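Next up: a single chain in structure tokens, the form deposited in one PDB entry.
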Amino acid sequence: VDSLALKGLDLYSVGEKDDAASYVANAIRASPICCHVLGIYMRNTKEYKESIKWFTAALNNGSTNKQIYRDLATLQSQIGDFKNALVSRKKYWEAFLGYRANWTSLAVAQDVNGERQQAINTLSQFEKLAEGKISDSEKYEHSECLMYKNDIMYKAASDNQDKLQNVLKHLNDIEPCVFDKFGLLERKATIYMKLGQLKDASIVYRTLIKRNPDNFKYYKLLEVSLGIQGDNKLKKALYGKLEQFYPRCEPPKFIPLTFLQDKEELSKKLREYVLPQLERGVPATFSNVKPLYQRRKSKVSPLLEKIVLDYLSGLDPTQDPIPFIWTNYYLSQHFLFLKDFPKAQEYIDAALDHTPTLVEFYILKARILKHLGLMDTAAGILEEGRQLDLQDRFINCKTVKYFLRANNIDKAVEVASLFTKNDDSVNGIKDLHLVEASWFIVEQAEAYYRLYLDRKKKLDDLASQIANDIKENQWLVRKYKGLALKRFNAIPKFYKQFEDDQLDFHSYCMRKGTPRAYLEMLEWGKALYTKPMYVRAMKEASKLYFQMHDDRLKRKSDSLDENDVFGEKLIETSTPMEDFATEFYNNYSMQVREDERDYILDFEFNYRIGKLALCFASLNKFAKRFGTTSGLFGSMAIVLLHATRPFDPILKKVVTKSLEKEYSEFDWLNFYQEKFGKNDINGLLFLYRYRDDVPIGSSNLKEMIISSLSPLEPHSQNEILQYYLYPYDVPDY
């Protein structure tokens, strides 16, 4: 009984995971030790909720082991149950009073539960206990708890002047024992500002600047404290002075560039900023002034064009090679940004002609040729650049994308598989998220996705030696699709691991004494599944998952009468929607802010799993931000209305009665063209994905879509159709 449990933990502790599980699984069908063992096992296997239940049970069965409360506080913190972690922290504190860690962790739990005064008192009581000249190895932790206490008093103070004045006296008292001086000074200045004590603040901002004169943020806060934020004459004089204190730093040189209006003065400061960078051969020179092109294009462009063309005209190409090539490089970017591509090419060619060993020049020239519509030449140039550094991930990916745009399939495949030549692994590592960064992986997912669509079309054409070719292609279609899905699926693993890495810190930060950093970690962990790269991977993978679902239903209707290294298993799934949810979508949806929530995604996800009242909620919330005349809105509503006619009966009713209050707002396309117009590309694309459902006239729909793309270059239009219409035209297999 207890034996079966400990048998499992042993088994897991060895590595026989499957046998461990059955041993534990039927052990369930008790002892304090038994509950403890299972709590441990469930933690080890990331069943934190289950682990918490079993730990609580160990106690409720007369466990004498007080270390269980520490296990609980950790687990409860990890899953976000801070109400119960507080109880655990209090219990553990009572049994192990002699360690400051347990005081700090109790205070942190009180703070998180909104018990700020209690948290303050907890910290203050230990503070008093530790007046007896704290030893050198305890001074760091002590400094951190003093500042943490000030954090809590600062928050509680809000805008109250008396309270703020007290937070400041406390701040001043603790200063000699606080070693986080940046932290303390930044807090001091903020308080000063909130007290209306601007001269005091400016002194602190000047102190922060002198400690790090390369931090733009201190300079902007200084301006506000001096009350000259709108004063060009005084700002000019201020930065001129700060430039004499800090002549090697960018903010005094750069900030006047954002506000000066006098042409001669601005020209001079632009010259002083840019020309020394060109003369040093700084590759980033243009990137450094790009924000000026972005925010002051018409004013700064002509000035810098003149400034840098003049500078160039004075350079000897042979005896001033470094200024010459990096000045030509700047001018190439300058005219590229201005969308003058022939001139951009001239300047990059001059740099390349002089010095062909620099990768930067191939990268820039390939981009310029892309803009000139010369896709094979652009890919060729980038490929030359790739020979200069064959292990660079950025250029490897970019080269693949360019050959794909040039429809050079063989070269794309060759370059794409360079780092993964053996067993789809990089240097013995199967799981790419353990060795490559997320961008390399998503770029590969996209490239394979595109390689997959290419084979997909070749198959369609073969359908209309040959049986061998079809066999070759059917096989490449599976391989490229699997690789795309496998690449996308590596991404969530990055972020799952980060979330789970938190676990040891719920106690380690307490022991190290970094409660402020700990709280930032908690906010961070609550946002992991909303990062740009995570969201990008999720939405791009979603089309593979939606299509495995959609195409299976298609093939099913089609045959109604009829008688691992490349991710093959992933693409044969019969639960693609559940796979998307567990691997990508649930964690994102659990964390995303409502003002960041993508309601088109939510609608289309819940549509395919039948949850038609979530569909309605998504449609409604969408309108509340984007209007009821938006093409996308009309499209979702139409599809939802049709759904109320294959879905659950007792819920088609619910939606209908929920839709009863859209009564004011049969050929459904013509209704669409008349109530919403034919200009909303996203609205048209949405109809296209459900056109055989509504139904929606596909020929007329495609024409509207193609009209709305009339603006774009012909080759580009093709690529749009391939990505946005094709996959919904013909089912895989």
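Start at 1 and count along the sequence shown; that's the residue number. We call the rigid core whatever largest set of C-alpha positions still superposes within 1.5 Å between the two forms.
**Student:** For at least a third of the other PDB entries compared, is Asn563 missing from the model even though its neighbours are present?
**Tutor:** Yes, left without coordinates in at least a third.
**Student:** Given the other compared entries that model the residues flanking it, would you say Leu432 is unmodelled in at least one third?
**Tutor:** Across the compared entries, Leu432 is left out in at least a third.
**Student:** As recorded in the PDB entry, how many deposited residues are without coordinates between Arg29 and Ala30: none, 1 to 3, 4 to 9, or 10 or more?
**Tutor:** In the record, 4 to 9 residues between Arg29 and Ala30 lack coordinates.
**Student:** How big is the unmodelled gap, if any, between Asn563 and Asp564 relative to the deposited sequence? Choose none, 1 to 3, 4 to 9, or 10 or more.
**Tutor:** Count of unmodelled residues in between: 10 or more.
**Student:** Would you determine, from the values in the PDB entry, which of 608-616 and 339-347 has the greater average C-alpha temperature factor?
**Tutor:** 608-616 has the higher mean C-alpha B-factor.
**Student:** So 365-373 or 630-638, which one's hotter by mean CA B-factor in the entry?
**Tutor:** Mean B over CA atoms: larger for 630-638.
**Student:** Looking at the C-alpha B-factor values in the deposited entry, which of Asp469, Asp579, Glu186, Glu250 comes out highest?
**Tutor:** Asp469 has the highest C-alpha B-factor of those listed.
**Student:** Of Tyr154, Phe622, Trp524, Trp439, which one's C-alpha B factor is largest in the deposited record?
**Tutor:** Largest recorded C-alpha B-factor: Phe622.
**Student:** With respect to C-alpha B-factor, does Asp461 fall in the lowest, middle or highest third of the chain as deposited?
**Tutor:** Within its chain, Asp461 is a highest-third residue by C-alpha B-factor, going by the deposited values.
**Student:** With respect to C-alpha B-factor, does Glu594 fall in the lowest, middle or highest third of the chain as deposited?
**Tutor:** For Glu594, whose C-alpha B-factor we compare with every modelled residue in the chain, the answer is the highest third.
**Student:** Would you mind ranking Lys554 by its C-alpha B-factor against the rest of the chain and naming the third, lowest, middle or highest?
**Tutor:** It belongs to the middle third of the chain when residues are ordered by C-alpha B-factor.
**Student:** Would you check the entry's CA temperature factor for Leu651 and let me know if it's in the chain's lowest, middle or highest third?
**Tutor:** According to the entry, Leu651 has a C-alpha B-factor in the chain's highest third.
**Student:** Within this chain, which third does the Cα B-factor at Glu660 fall in: lowest, middle or highest?
**Tutor:** Within its chain, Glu660 is a highest-third residue by C-alpha B-factor, going by the deposited values.
The same protein has a further form, the form deposited in another entry, not shown here; the description that follows concerns it.
**Student:** Only one of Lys235, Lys456, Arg100, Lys90 shifts by 2 Å or more at CA between this form and the one not shown when the core is aligned; which is it?
**Tutor:** Of all the options, the C-alpha that shifts by at least 2 Å belongs to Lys456.
**Student:** Comparing between this form and the one not shown on the rigid core: C-alpha of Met577 shifted by 2 Å or more?
**Tutor:** Yes, the C-alpha moves 2 Å or more.
**Student:** Aligned on the rigid core, do the two forms place the Cα of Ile209 2 Å or more apart, comparing between this form and the one not shown?
**Tutor:** No, shifts by less than 2 Å.
**Student:** Kindly check if the Cα atom of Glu523 is displaced 2 angstroms or more between this form and the one not shown relative to the superposed rigid core.
**Tutor:** Shift of 2 Å or more: no.
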